[PDB]
Every structure is written in structure tokens, then in C-alpha cells.
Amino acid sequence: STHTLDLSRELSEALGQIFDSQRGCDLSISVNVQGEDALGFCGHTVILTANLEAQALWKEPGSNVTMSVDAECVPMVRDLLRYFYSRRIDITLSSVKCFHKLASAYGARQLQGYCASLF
């Protein structure tokens, strides 16, 4: 009797693209690299607070957060933050070390255990 229309497969890229746009943000994320603010991004608290992986970024709208990362892991930060939206992430043997360090530091427990397996 019940029929379901299911277009939820579109959600991962719809949310990923919200991050990519950097429009309508309500959270500022500064990326500290050995004492200096090397990178910046903005976030959407409505999306981030719905995700247990992004608990380090659970703040009220209008807030500012500071992340600290090592120079070698800078090219992986954008991918980590997009993963908090899309809930999808591509990991290689050359990036596993950095994603394990980032996930441990920010308590993204699903990603942390996934990288640990690949070590």
C-alpha cells in the first residue's frame, strides 16, 4: 500500500556543494599552521550540528573557531571539512597519515577508525 519516492542519493553532493560555495555561512574557521593563520574557511552550523563527526565545530551562529594543523596536512583540511557535509571521503596511502591525525585531533571517530585500519 505504501510507495516511497527516494531521491536521498542526491544529498551527499547537494551538501558538498553548499560547502564548496562558501555562501550563507554563519561560522568562521581559522586554520593555524605553526603559530600563523595560514588558511580560512566558513561553515554552516545547521549542517554541522546534525553531524556527530563534526562535534569540534558544534557552535552557535556567528561564532569563530580555530583549528591547528601541521604544514604537510594543509592540502587535506578542505577535504576533511567537506566530509562533514557530504559524509564521503577518498583516502589513499599518501593521505591516510594526515587524515588519521586530523580525525584524532577533532574527534571524527568514524573517520579515525577507518584510517587506523588503513595504517
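Start at 1 and count along the sequence shown; that's the residue number.
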property	result
Between the two ranges 56 to 64 and 31 to 39, the one averaging a larger CA B factor in the entry	31 to 39
Between the two ranges 65 to 73 and 83 to 91, the one averaging a larger CA B factor in the entry	65 to 73
Assigned third (lowest, middle, highest) for the C-alpha B factor of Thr4	middle
B-factor third for the C-alpha atom of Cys98 within its chain	highest
